[PDB]
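Asker: Would you mind keeping the following structure in view while I ask a few things?
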Amino acid sequence: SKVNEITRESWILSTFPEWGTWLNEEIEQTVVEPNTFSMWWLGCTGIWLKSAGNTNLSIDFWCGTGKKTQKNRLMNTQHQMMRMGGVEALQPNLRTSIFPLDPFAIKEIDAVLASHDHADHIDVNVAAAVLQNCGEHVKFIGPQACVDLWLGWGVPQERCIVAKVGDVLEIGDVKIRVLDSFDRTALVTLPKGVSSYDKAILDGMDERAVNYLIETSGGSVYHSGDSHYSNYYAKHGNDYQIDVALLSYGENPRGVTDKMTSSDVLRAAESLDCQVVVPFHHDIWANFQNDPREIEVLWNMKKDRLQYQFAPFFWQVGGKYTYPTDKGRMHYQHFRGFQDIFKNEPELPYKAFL
Amino acid sequence: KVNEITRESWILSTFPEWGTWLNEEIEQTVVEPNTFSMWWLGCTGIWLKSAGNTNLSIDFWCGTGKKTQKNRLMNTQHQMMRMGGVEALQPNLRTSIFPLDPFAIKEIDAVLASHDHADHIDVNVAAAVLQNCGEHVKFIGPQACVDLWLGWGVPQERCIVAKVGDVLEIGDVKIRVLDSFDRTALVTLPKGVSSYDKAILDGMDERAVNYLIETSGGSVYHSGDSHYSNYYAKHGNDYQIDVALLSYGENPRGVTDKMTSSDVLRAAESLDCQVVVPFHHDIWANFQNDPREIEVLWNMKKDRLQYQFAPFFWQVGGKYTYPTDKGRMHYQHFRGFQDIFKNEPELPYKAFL
Amino acid sequence: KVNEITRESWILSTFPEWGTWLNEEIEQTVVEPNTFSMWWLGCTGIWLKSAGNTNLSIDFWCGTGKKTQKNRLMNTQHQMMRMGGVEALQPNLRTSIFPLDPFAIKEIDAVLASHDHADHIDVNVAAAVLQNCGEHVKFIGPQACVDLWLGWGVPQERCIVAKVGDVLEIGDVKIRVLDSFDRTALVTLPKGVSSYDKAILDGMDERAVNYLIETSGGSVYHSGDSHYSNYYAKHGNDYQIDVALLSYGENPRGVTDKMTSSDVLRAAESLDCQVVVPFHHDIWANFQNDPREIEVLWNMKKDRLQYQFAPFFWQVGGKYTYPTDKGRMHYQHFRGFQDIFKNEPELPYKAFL
Amino acid sequence: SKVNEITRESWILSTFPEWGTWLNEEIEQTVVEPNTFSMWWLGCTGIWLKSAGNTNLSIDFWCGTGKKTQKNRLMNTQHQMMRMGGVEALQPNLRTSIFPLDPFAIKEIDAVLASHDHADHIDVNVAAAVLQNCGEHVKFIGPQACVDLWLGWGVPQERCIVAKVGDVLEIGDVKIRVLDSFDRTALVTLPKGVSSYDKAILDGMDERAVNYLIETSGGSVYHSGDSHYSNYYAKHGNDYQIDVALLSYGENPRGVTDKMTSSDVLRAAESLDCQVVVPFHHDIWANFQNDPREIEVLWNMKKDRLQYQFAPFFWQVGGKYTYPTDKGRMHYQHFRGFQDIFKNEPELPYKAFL
Ligand SMILES: [Fe+3]
Ligand SMILES: [Fe+3]
Ligand SMILES: [Fe+3]
Ligand SMILES: [Fe+3]
Ligand SMILES: [Fe+3]
Ligand SMILES: [Fe+3]
Ligand SMILES: [Fe+3]
Ligand SMILES: [Fe+3]
């Protein structure tokens with residue numbers, strides 16, 4: 001190492017993303033057992049899914065960050081937060097989770113999905129990486145607004161598939177059901193100079209936000225993007241067997257509603273009639289710092305009285321989940337290492353040193 | 001544009017995560033008389049700012065952990081091999097963001113290091129400070145940390161070897177150099193150097209120290225990642241320690257590298273502090289832990305043992321001001337939206353949300 | 001005598017359950033200067049009494065729920081049908097007693113209705129007040145409540161249509177009419193009127209409002225059964241709200257008709273109140289709930305979010321006096337026996353009991 | 001004119017009792033499965049029991065209320081409360097639970113039981129209703145003092161059966177064992193002018209209070225009326241297999257002892273050696289407002305150390321319990337409704353409205 005040879009740029013390039021290609025390697029090397037499926041949490045609502053037949057999907061994989069300076073103290077005119085809250089000042093949304101996966105190291109993938117067109121659910125860098133490293137067979141699947149963003153970034157139209165509610169897509173050995181979204185924020189996320197006083201905007205969900213139910217030989221996973229709470233989760237739950245439900249969670253600032261509360265994660269689990277409920281999105285923003293234990297406590301208090309049939313699962317960014325293998329586990333813990341502890345004797349001044 | 005993007009342009013546009021947000025925050029902070037403020041920089045990194053505008057970086061670390069699984073073998077005679085008789089690579093992956101850009105540092109009085117372990121000293125932070133700051137900035141640390149800085153190209157004139165019992169004055173702050181209890185450091189030796197040899201047991205002071213930093217708003221004890229020692233009680237008998245920063249984490253089976261939840265409490269009692277603040281518990285995936293153990297045990301024991309201190313649970317990149325924040329137990333980042341409803345919302349109907 | 005007894009004679013001698021106990025209690029309460037008292041009449045019914053002896057009844061409901069299972073079908077286009085696409089009868093059975101006989105009311109200044117839903121407005125209470133009280137009593141509510149009262153036979157000189165932004169002076173109390181967030185009310189439309197139509201979304205103010213009642217003892221915010229809205233923060237920014245009354249209950253799967261435990265807390269924070277009081281959680285069997293969820297969440301979050309309010313758990317028929325009772329969390333009905341052992345017991349031996 | 005046609009009397013008659021005949025209908029229409037029995041909580045200690053053989057019993061069904069005014073300041077001379085506590089002032093006992101069953105709509109019943117002669121355990125209206133609606137076959141079963149009250153009210157002697165400790169009565173397919181009572185309050189519940197200093201009154205339990213063990217093809221239930229705690233429960237538990245134990249609970253005012261404490265509910269369950277303990281009577285009086293969670297918390301703290309073989313069940317007034325089907329359930333929840341949720345599509349201005 002040399003003080004003189006170091007620049008800010010050389011430091012950044014040698015250091016980030018944090019885990020380098022550790023997880024890229026982990027994912028590629030994982031052998032998914034028959035009648036099971038595996039997923040990894042990529043931060044925010046990003047999920048890598050890998051079926052037993054080696055089909056690979058990336059969903060809402062986001063490699064952006066939040067604010068990088070306080071220099072600009074003003075929020076962009078008509079940003080959704082301004083429309084919802086009548087605010088003027090900059091939002092202090094700072095990214096608080098590491099980047100567990102290098103998208104530029106992706107070699108094996110079948111499709112890139114986006115639940116909706118919000119910035120933290122779609123990514124130009126992920127797009128670039130997949131187009132650069134992968135074959136022409138990889139599909140970009142998302143609602144019309146997501147396809148418009150990808151096309152605008154230079155993704156070829158032939159790579160895109162516009163997801164419409166009620167569509168059923170086959171990719172490798174997995175079935176993708178496109179379902180309604182309840183992302184109320186998406187409804188009012190409109191370009192400057194376009195009015196959100198107008199009631200006609202209320203019919204626009206389908207054009208820009210969907211939920212996905214992904215069916216594998218090991219079971220199904222419901223990715224709700226960042227849908228708020230809706231009674232209509234119960235319609236989805238009546239119609240389909242949903243094994244694992246991924247629901248966005250966070251601590252709403254006073255006067256803001258952007259994520260479901262702890263109580264609504266449970267109501268949503270009950271409405272989806274799932275077996276495992278998995279909060280996500282609760283890792284990403286400093287200003288939404290939260291306490292997932294609220295979900296666990298409320299679940300313990302209410303499960304007998306309401307005869308809840310599901311259990312919560314508390315994950316970690318970069319972590320793996322395998323279903324149905326991990327059903328029954330509640331608290332994820334990263335591999336602790338040292339499985340070969342004391343293979344050989346220690347080298348210490350006396351045995352009881354430590 | 002999709003074809004104007006490379007891995008390298010993505011990285012340079014994206015990292016570090018918070019840009020210069022906290023650099024700006026720190027500079028623009030006006031520390032009130034009779035108070036001091038600190039920020040947690042990840043791992044055991046701390047920025048301290050006094051009411052006299054003295055600024056110190058302690059253990060500021062801008063490295064990361066493993067970046068690949070390709071090399072499946074642990075380095076021969078790594079401290080973990082010496083303590084555990086293992087052969088396989090350690091899966092230590094960095095799990096906290098980088099809240100401060102070392103290359104945006106403009107205002108600083110000294111760079112301190114508790115010890116020479118990799119996650120407590122940084123060549124990039126050194127480069128940045130040498131490149132952007134005046135000749136007055138000191139690099140303070142045990143002999144072994146000075147040796148690392150020197151070897152990286154930090155000029156001897158900038159360094160101060162910290163030895164136990166030293167009292168250093170920097171601006172309006174007093175830095176007491178105190179004993180370290182980092183048992184891991186004692187056996188962190190180069191390949192070909194034996195850790196069977198009992199003479200290595202006298203080696204703490206040359207490579208590891210703890211700091212008691214006294215300000216006009218109170219004192220902070222930075223324990224580096226010392227393990228538990230009864231000797232904290234000697235430090236606690238000798239000095240008023242307001243805030244104690246102690247390394248915490250979940251030890252893997254057969255490993256002892258961080259103090260347990262019971263020991264964070266015993267150490268707080270021994271240092272006889274006012275506030276105990278676990279840190280280091282953010283950084284490694286394989287040490288993933290539950291700081292609520294500390295809060296639960298403290299609630300169960302504080303009456304019976306007449307504990308006079310309270311714990312405080314922080315967040316990486318977060319601020320703490322003493323004594324202003326005494327009484328606060330759970331840190332929450334600024335939530336934003338303090339001007340909520342300054343104007344009316346623009347919605348299709350008022351109850352839309 | 002079994003021969004003289006009829007279902008009718010049984011009912012008339014037995015109900016309402018407390019007879020006129022609370023009517024007497026309320027009438028005889030002398031409210032101290034700079035305080036106000038309220039009683040919970042079940043569901044969201046509130047009796048409010050100021051230090052100046054102004055008396056208001058708010059959402060006083062004396063109906064019951066289902067009385068038979070014979071009719072197995074829900075009325076076409078009932079709000080629950082519109083919201084849930086159901087056909088079967090709702091099993092809403094009233095689970096609270098009737099602590100106040102409306103036909104014993106003799107002293108009152110105004111009858112308020114937050115909205116026109118059946119369990120918030122009452123023809124029997126209207127009859128009773130017109131029968132027993134002077135020409136001066138006002139019936140205050142949104143246009144839709146005034147229309148219901150008018151159609152029942154309440155004279156038009158008695159009614160006052162509440163519009164958002166109105167400020168009504170009644171005796172020594174000020175009544176601010178504020179926005180409601182009762183999303184169910186928006187779709188509660190007559191058979192043959194479409195709820196697919198987006199124009200219905202502008203209809204809140206004509207049929208539902210929230211009240212902020214200001215007294216010399218402080219203020220109370222009655223939210224009717226508003227759902228959760230960010231706009232509570234606008235009301236909280238604009239006014240000092242001491243006590244917030246918020247409707248709570250356990251929503252059946254696929255139904256949203258009451259705020260969750262998490263939202264009771266968010267609403268308390270948004271209203272920036274000092275005391276939050278769930279109500280409505282007593283009334284329907286099919287919404288049977290656990291208010292302790294609110295207490296547990298509040299304990300878990302109050303430090304981290306710096307909550308400045310505390311929850312208060314009431315009982316139907318109970319009293320609350322503000323600010324005298326601030327600090328109390330769990331209401332207990334009077335236990336009696338204050339004159340215990342005034343005289344000696346009459347027992348076969350001292351230690352019998 | 002709606003308001004013109006309304007009187008206090010018309011309102012009361014159109015409104016009460018609260019559930020009308022909903023529960024009358026529910027009970028009649030219930031088909032009890034073989035090897036099970038069902039019960040409903042009627043408020044206070046009232047129970048409706050229905051066997052698989054369609055035998056129907058009412059136990060301590062009380063349709064009275066408490067105080068209806070504050071005007072009478074004084075407690076009745078020599079009321080049991082005055083004898084026990086040397087008090088003068090009126091007791092503030094206000095009924096706090098609704099009336100889930102209309103006694104006048106009873107059409108199918110085999111017997112009317114009373115555990116003891118306290119006012120809240122026997123009812124003249126229930127008697128009048130049963131005599132008016134049912135055949136000559138319906139029996140009124142109670143201790144001598146209960147039979148005396150029924151007789152005095154006009155119940156014909158031929159309908160009554162004086163229950164004495166040790167008696168075993170057959171009614172349909174159920175066996176009713178009459179057992180000792182421990183209602184200490186009943187011993188000093190004596191008419192004005194009769195002395196409670198007299199030790200002879202101590203032999204009076206059996207003539208006025210009993211406990212019942214009701215054996216069905218689905219298991220047994222022990223109704224303790226409002227017995228206080230007694231070591232003698234262990235005698236009953238040694239002698240018989242007791243599946244469900246119904247025990248009176250409440251919050252005693254300072255200086256009063258009228259209901260078992262949370263600790264004693266547990267000791268009693270242990271003594272009776274039951275499988276399920278069900279507190280009751282804790283719904284009825286305002287001045288005894290209590291917290292049944294004390295029972296649950298204590299049980300969780302002690303069940304391992306004491307090797308408790310029973311579990312508590314927390315019911316709701318008007319609710320159902322079926323044994324052994326409901327064993328394992330701890331917190332009763334009334335039917336929530338909406339089982340046909342989303343049978344059809346909602347009728348809303350946009351899907352995510354709710
Ligand atoms: Fe998002
Ligand atoms: Fe979104
Ligand atoms: Fe370390
Ligand atoms: Fe160390
Ligand atoms: Fe209501
Ligand atoms: Fe309503
Ligand atoms: Fe009783
Ligand atoms: Fe009794």
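Note on naming: chains are A, B, ... as they come in the structure tokens, residues start from 1 per chain, ligands start from 1 in the order shown.
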Enumerate as a list in words the residues within 7 Å of ligand 3, counting only C-alpha atoms and all ligand atoms.

Answerer: residues 117, 119, 120, 225 and 280 of chain B

Asker: Determine, counting only C-alpha atoms, which protein, DNA and RNA residues have an atom within 9 Å of an atom of residue 110 (chain C); residues of the same chain fewer than 2 positions away are not included. Present the result as a VMD selection string.

Answerer: chain C and resid 54 to 58 108 112 136 to 140 170

Asker: Write out as a PyMOL selection string each polymer residue whose atoms come within 12 Å of residue 191 (chain A), counting only C-alpha atoms; drop sequence neighbours fewer than 2 positions from it.

Answerer: chain A and resi 76-80+83+186-189+193-196

Asker: May I ask which of the residues D:353, D:182, D:333, D:320 is the closest one to chain B, counting only C-alpha atoms?

Answerer: D:353

Asker: Kindly indicate which residue among B:312, B:317, B:45, B:177 lies nearest to chain C, using only C-alpha atoms for the distances.

Answerer: B:312
